[PDB]
Structure formats: structure tokens, C-alpha cells
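First comes one chain, alone, set out as C-alpha cells in the form deposited in one PDB entry.
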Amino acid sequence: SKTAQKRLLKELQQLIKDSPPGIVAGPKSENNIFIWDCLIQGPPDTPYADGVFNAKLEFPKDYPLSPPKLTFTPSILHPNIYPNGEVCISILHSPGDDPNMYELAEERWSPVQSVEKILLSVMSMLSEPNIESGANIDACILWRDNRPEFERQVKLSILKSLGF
């Protein structure tokens, strides 16, 4: 918990100076560093391009051993996002039982991963859904089968949210 704090401080300090394009994240209080707020803008050529989404990132006491919990406050339409708003991707997961297999490397969560690696994963996620870690059934069979409707659907909500 005190080790997790020394850790979160560097990543935070590092992010603020070399902040990834289209993303701003950080805590509200100088003391509660275990809860961050995010503002992720949809990447360029994705049906999200125009939208801007709010997300909450919650870190456990044993960070970086255990991953944080990313959750888009107002849940959006995506096969890798549960209806409650919780983001499900392999980077936010434990290696498993036999972490030595050639796969894991990049994909699973381990102390070699940064929060930036996560935000970066979230970005390509909005561009490239990973059906292996599908968290929303409908969003999955919609994106898979009738994609034009999916992109139509996702773009309607972005419009609506703009006070339209």
C-alpha cells in the first residue's frame, strides 16, 4: 500500500509531462491517489472519433501486482465493455496458472505494465474489438454480424450526448 503509492506517484508524474494524445488522467485529491479520472477522446477513424468518454480507474492496495479496474462511468456500446461499464481486456487481467507460455508476454497484467500501457490498449480497443474478451453479448453479435448497424448505433449515441 505504501509501495503502491510510491509507484503510482512516478507513473502519474511521468504521464503529466509526456501525456498521450487525446487522454488526460489523474486523481482529484492530492491524498487519494488510488482513484483516477480519465477523459478519453475516441480515436480518429473509429465510430468513436467525435465522442469523448469519462472513465474511472481504481487501483488496489497491492498494485502493481494486481491490475486496476477501468470503468467508463457512462457505459458505452462496445463488445469489450460490460453493461455496467467495466472494461474487459486481457491487459487488465492476471496471467493465469502457467504464466510462462509464449503468449502472456504483452497481453496479461504484470508489474512490467504501466497505466499508459492500459490507456494505450483502451485506444486500440475502440478501434479493434477483441472478441476473445467480449464482455457484452449483444454488442458482440452486433459488431460481428451487422457491423454497419453497430457503427450507426454507436454514432447515434455520440450525437445524442452532444446535446442534440
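The first residue of the sequence shown is number 1, and the count goes up from there.
Separately, the form deposited with a partner chain bound exists; it is not shown, and the next lines address it.
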Option from 126 to 134, 32 to 40, 102 to 110, 57 to 65 whose residues, in the deposited bound form, bring a heavy atom within 4.5 Å of the partner chain: 32 to 40
Three-residue site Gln5, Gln14 and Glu116 fully in contact with the partner chain in the deposited bound form at 4.5 Å by heavy atom: no
The partner chain contact at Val52 in the deposited bound form, heavy atom, 4.5 Å: yes
Partner contact for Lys10 in the deposited bound form: the partner chain, 4.5 angstroms, heavy atom: no
Non-hydrogen atom contact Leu156 with the partner chain in the deposited bound form at 4.5 angstroms: yes
Partner contact for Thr73 in the deposited bound form: the partner chain, 4.5 angstroms, heavy atom: yes
